[PDB]
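Only one structure is covered here, and it is reproduced in the block below.
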Amino acid sequence: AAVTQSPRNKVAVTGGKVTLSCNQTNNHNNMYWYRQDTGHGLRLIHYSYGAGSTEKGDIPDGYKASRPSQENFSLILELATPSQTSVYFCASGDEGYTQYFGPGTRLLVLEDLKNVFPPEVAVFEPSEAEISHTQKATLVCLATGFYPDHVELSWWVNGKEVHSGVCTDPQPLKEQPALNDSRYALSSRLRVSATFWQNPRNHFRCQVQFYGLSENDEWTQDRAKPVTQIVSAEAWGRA
Amino acid sequence: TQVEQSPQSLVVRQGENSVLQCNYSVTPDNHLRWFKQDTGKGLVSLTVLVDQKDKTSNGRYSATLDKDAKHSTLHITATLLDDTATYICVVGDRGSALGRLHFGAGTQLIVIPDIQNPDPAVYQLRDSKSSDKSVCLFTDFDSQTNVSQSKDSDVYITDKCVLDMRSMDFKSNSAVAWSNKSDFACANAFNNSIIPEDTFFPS
Amino acid sequence: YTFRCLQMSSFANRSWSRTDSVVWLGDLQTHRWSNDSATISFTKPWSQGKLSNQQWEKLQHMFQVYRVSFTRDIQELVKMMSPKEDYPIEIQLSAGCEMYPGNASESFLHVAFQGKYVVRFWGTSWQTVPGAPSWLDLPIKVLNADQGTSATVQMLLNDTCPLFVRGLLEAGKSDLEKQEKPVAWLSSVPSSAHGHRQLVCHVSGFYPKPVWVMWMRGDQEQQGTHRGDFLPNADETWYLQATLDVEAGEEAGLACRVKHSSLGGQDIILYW
Amino acid sequence: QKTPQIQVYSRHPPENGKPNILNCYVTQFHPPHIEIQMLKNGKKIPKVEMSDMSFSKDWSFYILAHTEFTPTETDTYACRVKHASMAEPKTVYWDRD
Ligand SMILES: CCCCCCCCCCCCCCCCCCCCCCCCCC(=O)N[C@@H](CO[C@H]1O[C@H](CO)[C@H](O)[C@H](O)[C@H]1O)[C@H](O)[C@H](O)CCCCCCCCCCCCCC
Ligand SMILES: *[C@@H]1O[C@H](CO)[C@@H](O[C@@H]2O[C@H](CO)[C@@H](O)[C@H](O)[C@H]2NC(C)=O)[C@H](O)[C@H]1NC(C)=O
Ligand SMILES: *[C@@H]1O[C@H](CO)[C@@H](O)[C@H](O)[C@H]1NC(C)=O
Ligand SMILES: *[C@@H]1O[C@H](CO)[C@@H](O)[C@H](O)[C@H]1NC(C)=O
Numbered sequence: 001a002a003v004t005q006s007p008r009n010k011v012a013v014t015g016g017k018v019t020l021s022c023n024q025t026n027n028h029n030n031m032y033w034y035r036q037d038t039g040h041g042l043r044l045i046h047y048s049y050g051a052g053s054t055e056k057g058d059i060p061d062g063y064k065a066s067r068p069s070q071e072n073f074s075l076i077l078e079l080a081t082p083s084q085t086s087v088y089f090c091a092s093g094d095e096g097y098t099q100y101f102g103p104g105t106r107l108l109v110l111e112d113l114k115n116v117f118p119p120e121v122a123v124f125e126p127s128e129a130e131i132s133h134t135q136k137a138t139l140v141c142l143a144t145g146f147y148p149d150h151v152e153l154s155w156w157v158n159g160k161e162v163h164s165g166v167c168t169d170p171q172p173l174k175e176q177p178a179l180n181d182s183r184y185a186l187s188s189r190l191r192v193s194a195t196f197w198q199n200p201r202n203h204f205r206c207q208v209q210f211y212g213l214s215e216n217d218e219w220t221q222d223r224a225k226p227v228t229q230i231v232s233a234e235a236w237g238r239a
Numbered sequence: 240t241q242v243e244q245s246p247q248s249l250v251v252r253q254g255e256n257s258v259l260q261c262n263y264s265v266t267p268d269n270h271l272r273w274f275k276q277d278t279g280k281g282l283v284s285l286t287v288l289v290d291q292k293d294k295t296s297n298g299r300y301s302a303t304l305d306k307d308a309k310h311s312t313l314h315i316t317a318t319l320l321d322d323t324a325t326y327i328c329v330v331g332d333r334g335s336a337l338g339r340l341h342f343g344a345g346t347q348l349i350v351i352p353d354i355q356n357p358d359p360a361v362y363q364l365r366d367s368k369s370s371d372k373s374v375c376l377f378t379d380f381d382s383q384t385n386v387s388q389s390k391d392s393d394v395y396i397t398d399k400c401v402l403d404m405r406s407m408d409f410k411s412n413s414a415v416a417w418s419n420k421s422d423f424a425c426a427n428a429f430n431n432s433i434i435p436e437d438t439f440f441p442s
Numbered sequence: 443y444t445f446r447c448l449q450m451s452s453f454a455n456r457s458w459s460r461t462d463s464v465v466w467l468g469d470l471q472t473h474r475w476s477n478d479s480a481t482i483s484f485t486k487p488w489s490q491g492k493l494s495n496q497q498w499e500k501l502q503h504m505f506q507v508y509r510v511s512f513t514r515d516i517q518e519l520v521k522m523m524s525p526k527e528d529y530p531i532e533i534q535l536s537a538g539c540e541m542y543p544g545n546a547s548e549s550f551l552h553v554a555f556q557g558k559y560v561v562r563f564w565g566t567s568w569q570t571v572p573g574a575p576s577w578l579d580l581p582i583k584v585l586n587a588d589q590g591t592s593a594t595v596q597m598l599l600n601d602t603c604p605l606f607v608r609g610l611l612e613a614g615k616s617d618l619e620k621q622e623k624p625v626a627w628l629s630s631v632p633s634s635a636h637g638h639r640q641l642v643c644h645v646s647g648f649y650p651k652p653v654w655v656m657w658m659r660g661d662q663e664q665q666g667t668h669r670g671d672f673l674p675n676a677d678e679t680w681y682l683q684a685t686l687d688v689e690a691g692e693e694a695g696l697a698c699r700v701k702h703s704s705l706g707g708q709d710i711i712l713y714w
Numbered sequence: 715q716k717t718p719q720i721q722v723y724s725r726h727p728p729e730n731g732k733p734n735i736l737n738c739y740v741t742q743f744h745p746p747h748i749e750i751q752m753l754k755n756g757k758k759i760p761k762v763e764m765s766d767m768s769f770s771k772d773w774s775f776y777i778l779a780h781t782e783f784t785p786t787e788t789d790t791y792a793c794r795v796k797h798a799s800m801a802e803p804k805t806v807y808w809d810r811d
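Residue numbers (the working numbering), protein chains in the order written: chain V, 1 to 239; chain S, 240 to 442; chain X, 443 to 714; chain B, 715 to 811.
Put into structure tokens, the structure is as follows:
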């Protein structure tokens, strides 16, 4: 029993229309929409007992639900408010008490999108001093000058994503802490064996997925549209 | 407000056991669920307690439920670094779909990894293209070492991050420092932090 | 003796609702529980039966939790069925157990939706009786998912009900076996047809409920006697009236004979 | 919706001057929301005692309304009942015979 949510990250503007979709191929009659906020548990917004049905939860105000089919249940934010910045969770279930939860959806509602930027990714090759001293090679990734802090950093070795020996910062640091709502910077480390890095056929790549503007979002500024894009940097092995 | 967890947050060392509490005023109390939520990730179900006096187990995780006392405990025997997550207590008021789920705020657990053989050093890593741009990496330091932020605004230092090389059962703490300034050098990078005397500094 | 817990729940709209219950042991009221009262009220001194003070609180708390739980379960079920079923909705429940000699019992739990008997608890689950609509197959599926309530209802019908009534019959043996003398009086009303007249024999204040009321010509019993329905009195006694369509002239030389357990051997005879 | 059946009768044998009790037994009605009034020569009696509402095996509801009264050859007694099943309130008078 798996539940999918689209998008996984969304950056919207105040007054704009936001739609958070949820799909379930488990043929469950009932589906539920929740929001998670720091200092609180999951609070029920809306729920549906079947297609056509839409019932108010504990905190429905500001949200509209839609159940067009058994498979899909959407949460609509007709006029987005900054108070709707939360992690939204979807769930589904049959006649039983078990509610099978989705992976979550992070939503950010900004007052304006004028200071939205994608990141500049750079991979730093391990030092020859480390290889000789520890017999290990640490690669360092660096994503810079991005707003907001809605990014997903991943390490890819020869077209296949790796997790062992990977460590990314829990929170990105502010590039200009003194400046109000400034750009962010996030770094990650990948450690491999000296003999693995020394192989010139191994292709190392740090991928940063940025979540920004959509095609429907209007852009009046002269610079290039800061759209939801993938920014990556590569590094080849050497002996 | 109806479901309350204690402690709010706690810090334990690797191998130590951690006991988490849950007290609820929910009426009726059909079942209790313990969820594990990684920072940013989703809700992973650990166990479900249904009886008046229940006791369940799943690997290192073990839980007890006393419906008369409206209290539940979660024991994590020999905690590992990957146990660092938020633990959520959930109470269901019905044995069917008619039920409402009453969630707790959550208990934040932080597990300090066990560094077997430390070797602190500050290495200079250079960019793939162009090599003029570089970063300073302070790695292989013990759990007692704290990385302090830079006093200089134009100098950026990240907080300690521990990676796990699962295949070789190796764990290492690491912090990265960088700046565009010419005055910036790895020997003077982590000067604001209390660093060990045996820290290796190459040429 | 038949013990029954009669519940009447009315749901006018999505917000307004009230549930009132009345409990009987034969033709005598034993309990009452209005929507206004937070606790079940006794109407007889022996209403607690042979249950201890601690045993009653544990039983009452189960009903207190049930009443709140039931109200929401119907409200959610209406949401689950919408727009198929909508308020006003009137749900009735008739749960109890009929007692037989030699420690023998038969327990029931019948549910009626809008005055029609549709659901019943049978064995280990909820079930739809014949004649009931098919839309109730989803609420029953949901009501059968809740194993916790199923184990509670099973225990309540199979064990708790016969054990309570056994003690209740022991405690209320004096009030159930009580005898009240009936007071009879004669009257006449001219019938719709020109010629005949209806002669009424008003019998009131008798207990227990079984009685024998008949019109006699002196010694020969009249076959044209129409005994009405049992009407209850405020002081837990019964009222009954038997009519006889007699032609104008046959009135004289006719009496009403009443035979009841309270009278003993001497029957009440009133000549016209 | 089923039309309610009203039955008005005296608890004790009626005797002019002696105080008796008048009973009003309303039956065969669904929904259970009703308005029972026991009247004396037209005006509603103030201390009308009501019994708890119940229902028979045919799921139809029933309730008994009673009050203390002193019958007279001039005084008239009635039971006015208003239910959803009837467009006009059903008023049945008390016939001593
Ligand atoms: C019954 C005779 C016993 C003898 C005792 C005599 C004492 C005299 C006092 C009597 C007082 C009069 C009161 C009126 C009595 C009416 C008879 C009905 C009794 C019903 C049995 C009570 C069920 C008890 C279980 C209950 O409260 N369930 C609860 C809570 O359950 C939760 O909490 C529990 C712990 O408290 C468990 O943890 C459980 O797993 C969880 O889900 C649960 O919510 C039940 O669903 C309650 C509803 C049941 C009625 C369903 C009727 C079907 C109607 C279908 C119509 C569909 C309409 C579609 C629009
Ligand atoms: C309560 O009594 C009923 C019988 O009226 C029991 O139901 C039977 O349960 C067994 C399994 O335990 C089934 O094989 C039968 O088919 C059931 N009978 C019917 C008519 O469905 C029930 O188990 C009893 N419950 C308790 C708790 O004793
Ligand atoms: C619900 O029903 C009650 C009783 O019939 C009525 O007084 C009330 O106004 C109704 N409420 C709504 C929201 O219609
Ligand atoms: C019935 O009782 C409950 C709890 O006492 C209350 O919330 C509800 O409003 C009551 N309904 C009526 C109509 O009295």
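Idealized CB from N, CA, C, for every residue including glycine.
Notebook entry, point to check: For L686/X, which beta-bridge partners are listed by DSSP?
Noted result: Partner(s): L641/X and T667/X.
Note to self: Is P60/V a contact residue of ligand 1, with contact defined as CB to any heavy atom under 7 Å?
What the structure shows: No, the Cβ of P60/V stays beyond 7 Å of every heavy atom of ligand 1.
Note to self: What I want to know is whether the C-beta of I711/X ends up closer than 7 Å to one or more non-hydrogen atoms of ligand 1.
What the structure shows: No, ligand 1 has no heavy atom inside 7 Å of this Cβ.
Next item on the list: Determine the DSSP secondary structure at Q490/X, reduced to helix, strand or coil.
Entry: The three-state reading of DSSP puts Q490/X in coil, since its state is none of H, G, I, E or B.
Item checked: CB of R659/X within 8 Å of CB of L696/X, strictly -> Their beta carbons are under 8 Å apart, which means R659/X touches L696/X by this criterion.
Next item on the list: At 8 Å on the CB atoms, spell out the chain S contacts of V507/X, in chain order.
Entry: Residues of chain S passing the Cβ test: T266 and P267.
Next item on the list: State buried or exposed for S369/S, treating a residue as buried only when at least 16 other CB atoms are found within 10 Å of its CB.
Entry: By the 10 Å Cβ count, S369/S comes out exposed.
Checklist line | Burial state of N755/B, where buried means 16 or more other Cβ atoms lie within 10 Å | finding: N755/B is exposed by the Cβ-count criterion.
Margin query: Comparing C-alpha positions only, which one of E218/V, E128/V and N202/V sits nearest to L113/V?
Written below: Taking only the C-alpha atoms, the option nearest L113/V is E218/V.
Item checked: Of the listed residues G104/V, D58/V and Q70/V, nearest to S6/V (C-alpha basis) -> For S6/V, the nearest C-alpha among the options comes from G104/V.
Notebook entry, point to check: Say the cut is 7 Å; is the CB of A454/X nearer than that to a heavy atom of ligand 1?
Noted result: Placement of the Cβ of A454/X at a distance of 7 Å or more from every heavy atom of ligand 1 is found.
Notebook entry, point to check: Which one or two residues does DSSP pair with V595/X in a beta bridge?
Noted result: According to DSSP, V595/X shares a beta bridge with no other residue.
Item checked: Any non-hydrogen atom of ligand 4 closer than 7 Å to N600/X Cβ -> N600/X Cβ: outside cutoff for every heavy atom of ligand 4.
Margin query: As a quick exercise: from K306/S, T378/S and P352/S, pick the residue whose alpha carbon is nearest that of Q253/S.
Written below: The shortest C-alpha separation from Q253/S is found at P352/S.
Check: What does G331/S pair with, by DSSP beta-bridge criteria?
Finding: Per DSSP, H270/S and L340/S.
Checklist line | Pair within 8 Å by beta-carbon distance, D588/X and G334/S | finding: Contact: yes.
Note to self: One question on the structure: do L628/X and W714/X come within less than 8 Å of each other, judged by their Cβ atoms?
What the structure shows: Cβ distance < 8 Å, so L628/X and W714/X count as in contact.
Checklist line | Residues, ordered as in the chain, of the segment 582-604 of chain X that lie near chain V by beta-carbon distance below 7 Å | finding: Correct list: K583, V584 and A587.
Check: Can you list, in chain order, the stretches of the beta strand (DSSP E) that have 3 or more residues and sit fully within the segment 183-239 of chain V?
Finding: Restricting attention to beta strand (DSSP E) runs no shorter than 3 residues, the segment 183-239 of chain V encloses them at 184-193, 203-210 and 229-236, ordered along the chain.
Item checked: Continuous alpha helix (DSSP H) stretch holding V584/X: start and end -> Here the alpha helix (DSSP H) through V584/X covers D579 to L585.
Notebook entry, point to check: Using 8 Å as the limit for Cβ to Cβ distance, is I735/B near chain X?
Noted result: Yes, because at least one Cβ of chain X sits closer than 8 Å to the Cβ of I735/B.
Item checked: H133/V (DSSP reduced to helix, strand or coil) -> Residue state, collapsed to three classes: helix.
Item checked: Whole-angstrom distance between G15/V and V350/S, CA atom to CA atom -> So the alpha carbons of these two residues sit roughly 42 Å apart.
Next item on the list: Look at the Cβ atom of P177/V, then the Cβ atom of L186/V, and state whether they are nearer than 8 Å.
Entry: No, the Cβ-Cβ distance between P177/V and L186/V is not below 8 Å.
Margin query: Please report the straight-line C-alpha distance between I354/S and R106/V, rounded to a whole angstrom.
Written below: Just so you know, the alpha carbons of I354/S and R106/V end up roughly 34 Å apart.
Next item on the list: Assign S494/X to one of two classes, buried (16 or more other C-beta atoms within 10 Å of its C-beta) or exposed (fewer than that).
Entry: So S494/X counts as exposed.
Check: Within 10 angstroms of its Cβ, does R238/V collect 16 or more other Cβ (buried), or is it exposed?
Finding: It is exposed - the Cβ of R238/V has fewer than 16 other Cβ atoms within 10 Å.
Checklist line | Proximal residues, the segment 615-628 of chain X versus chain B, C-beta separation under 7 Å | finding: Cβ contacts with chain B come from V625 and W627.
Checklist line | Minimum C-alpha distance to residue 760/X - residue among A690/X, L598/X, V653/X and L686/X | finding: Past the edges of chain X, shown from 443 to 714, lies residue 760/X, and the structure says nothing about it.
Check: Hey, is the segment 280-296 of chain S in contact with the segment 304-313 of chain S, meaning 3+ C-beta pairs nearer than 8 Å?
Finding: Contact between the segment 280-296 of chain S and the segment 304-313 of chain S is present, because at least three Cβ pairs lie under 8 Å.
Checklist line | For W714/X, three-class secondary structure by DSSP | finding: It is coil, neither helix nor strand.
Notebook entry, point to check: For a contact meaning CB atoms closer than 7 Å, what does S524/X contact in chain V?
Noted result: Chain V residues near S524/X: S53.
Note to self: Taking DSSP's pairing of strands, which residues face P674/X in a bridge?
What the structure shows: Note: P674/X sits in a beta bridge opposite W680/X.
Notebook entry, point to check: Between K500/X and chain V, is there a C-beta pair that is closer than 8 Å?
Noted result: At a cut-off of 8 Å between C-beta atoms, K500/X does not count as an interface residue with respect to chain V.
Check: To which residues does DSSP link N23/V through a beta bridge?
Finding: As a beta-bridge residue in DSSP terms, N23/V pairs with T4/V and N72/V.
Check: Sorry if obvious, but does the Cβ on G159/V come closer than 7 Å to a heavy atom of ligand 2?
Finding: Not so, every heavy atom of ligand 2 lies at least 7 Å from the Cβ.
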